[PDB]
Amino acid sequence: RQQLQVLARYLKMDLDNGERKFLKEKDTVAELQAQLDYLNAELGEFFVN
Amino acid sequence: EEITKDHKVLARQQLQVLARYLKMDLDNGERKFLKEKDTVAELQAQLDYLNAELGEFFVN
Amino acid sequence: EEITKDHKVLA
């Protein structure tokens, strides 16, 4: 693992970039789901569907 | 010489990783040497004091 | 930059 880290640093490759982007995207998903849940609570399932 | 320096840096980091895996202290020798040099300075100060008190003719 | 690229490929 330490040798892999040394190589990754030499190559300037961020091994955690994908996870960072994924966590941001998951926050966005939660935001949009909260908005949709609010509209469903205001209007009801029958109306929305 | 950016490319050569970057490669030597990578080599140094790989050497450090290996040294840590092997539990080999690369600075042990220098540490011991600096302690020994302090001891040499102490003994030389004592000898210099005796030479200042007694003089070269007497000591020799 | 053939040498640097070849080394980065090896890495």
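Residues numbered from 1 in each chain as written, not as in the entry; some residues may be left out. Chains lettered and ligands numbered in written order. Part of a larger assembly, values for the part shown. Heavy atoms only, no water. Residues with missing side-chain atoms left out of burial classes, pairs and counts.

Method of structure determination, per the deposited record: cryo-EM was used for this entry, reaching 2.08 Å resolution.

(A) Quick look at the overall build of chain A. Helix and strand counts for chain A come out as three helices and zero strands. When the elements of chain A are put in sequence order from the N terminus, they spell out α-α-α. Based on the C-alpha atoms only, the size of chain A along its principal axes is roughly 60 × 15 × 15 Å. Here chain A, with 49 residues, has 6% of them falling under the buried criterion. For chain A, the computed accessible surface area is about 4700 Å², with 57% contributed by carbon and sulfur atoms. (Helix = DSSP H or I, 4+ residues; strand = E, 2+ residues; numbered from the N terminus. Buried < 20%, exposed > 50% of the residue type's maximum accessible area, 1.4 Å probe, protein only. Areas by Shrake-Rupley, 256 points an atom, 1.4 Å probe, with all protein chains shown as cover.)

(B) Quick look at the side chain of B:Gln13. Mapped onto the secondary structure, B:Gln13 falls in helix α1 (residues 2–22). Overall, the relative accessible area of 19% leaves B:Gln13 in the buried class. Contact partners of B:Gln13, with chain neighbours within four places excluded, come to A:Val6 and A:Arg9. (Contact = heavy atoms within 4.5 Å.)

(C) Structural detail: the environment of A:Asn49. With respect to the helices and strands, the residue A:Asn49 is situated in the segment after α3 (45–48). For the pair A:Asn49 and A:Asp37, spaced 12 residues apart in the sequence, the C-alpha separation amounts to 13 Å.

(D) Representation of the interface of chain A and chain B within the structure. Tallying the contact residues gives six residues for chain A and seven residues for chain B. Across the chain A/chain B interface, buried area totals approximately 690 Å², and carbon plus sulfur atoms make up 63% of it. In terms of surface lost to chain B, no three residues of chain A exceed A:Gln2, A:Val6 and A:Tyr10, which account for 68% of the buried area on that side. Taken together, the links from chain A to chain B amount to zero salt bridges. At the junction of chain A with chain B, the criterion picks out two residue pairs in polar contact. (Buried area = accessible area lost by both parts, 1.4 Å probe. Salt bridge = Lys/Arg side-chain N within 4 Å of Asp/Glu carboxyl O. Polar contact = N/O pair within 3.5 Å; in protein donor to acceptor, adjacent residues only side chain to side chain.)

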